[PDB]
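Shown here is one chain on its own, the form deposited in one PDB entry, set out as structure tokens.
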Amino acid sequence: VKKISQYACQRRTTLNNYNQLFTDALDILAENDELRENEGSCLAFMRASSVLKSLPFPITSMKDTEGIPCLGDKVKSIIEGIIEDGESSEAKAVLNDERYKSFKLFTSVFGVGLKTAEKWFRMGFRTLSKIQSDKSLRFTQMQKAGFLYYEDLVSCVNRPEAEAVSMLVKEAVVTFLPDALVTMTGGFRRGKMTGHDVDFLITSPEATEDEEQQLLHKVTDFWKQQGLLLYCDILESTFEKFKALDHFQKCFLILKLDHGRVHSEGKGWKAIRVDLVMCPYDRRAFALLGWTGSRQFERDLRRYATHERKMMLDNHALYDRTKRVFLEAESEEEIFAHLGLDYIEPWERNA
């Protein structure tokens, strides 16, 4: 029998999850450990959830868990409890916990992460209305946008919306850089029907250093002139060819997506979170691999490179510590081949 690897980068994980009863519970337990800053226990529940997502059959008895890695005693007790009556008492207790409920609610606001959510909870806040109306609190520009466009941003992006955004991004980019290669990355590249945002990788084989640097500024100025730019933060590249977010130039946006552009009213438009990444042409395969995800697939790719191959992988490069050389790649397939891994298709990276 074929042995399931402990690494997500050695598993094929499509969106057809036969174990959602177990993985929904494990994702909740992981999220609680993330909040309680218990990184180790968090990661163990994330890995167990990931491996169950790869299974081609549903777990219906404890015998079905034999030989599956990342399922220790604690995880097997959770699976046993769900087999017993269809529910997880552990995940149910987390769903009813006040700290957990407040963290989920507060971090659902764009611009609010773990530190600000924890701060507001310890101050005694429990609702978004009481936070917004408070006269002592001061909000960042990101949080102001997060509250103003809250319902649109919490409703998530569907495929017709992602496709409409892709058309807008591609059309704007090729207007200013005709030879640019625009790729939608993230969940939508992995075949997802929904996402919290729409991510893109932009690269150009012939653009100069100045042209490459100016593209995101030209495209966002163009949208600003049209009143489509609801939020914009451009992070300049800190990329160093000879060697936390990656160092490529990027922008975190909120775009006004007119309903007439969506082929699938109210105010007639929807606020959409969009991320654009510009990378030098020679790093395009590393950037594409890093931005395609999933987060668990990326973690395990890097963990496999370190522990199994004595290599160092990131969104910009692959370094071989034994040969003392950087390994170049023109495609994701070439990165997988450098690592000694069978190629995993993007729609198989939903770890």
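Just so we're on the same page, rigid core means the largest C-alpha set that superposes within 1.5 Å between forms. Heads up: residue numbers just count along the shown sequence, starting at 1.
Below: the form deposited in another entry, not depicted.
- Once the two forms are fitted on their rigid core, between this form and the one not shown the CA displacement reaches 2 Å or more only for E34 among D300, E34, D27, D314.
- For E206, the Cα coordinates differ by under 2 angstroms between this form and the one not shown after the core has been superposed.
- Shown in the overlay between this form and the one not shown, fitted on the rigid core, is a CA shift at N96 smaller than 2 Å.
- Fitting the two forms on the rigid core leaves the C-alpha of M193 displaced by under 2 angstroms between this form and the one not shown.
- Expansion of the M312-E39 CA spacing by 3 Å or more is recorded in that other deposited form, set against this form.
- Between this form and the other one, the CA-CA gap for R295 and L35 widens by 3 Å or more, being larger in that other deposited form.
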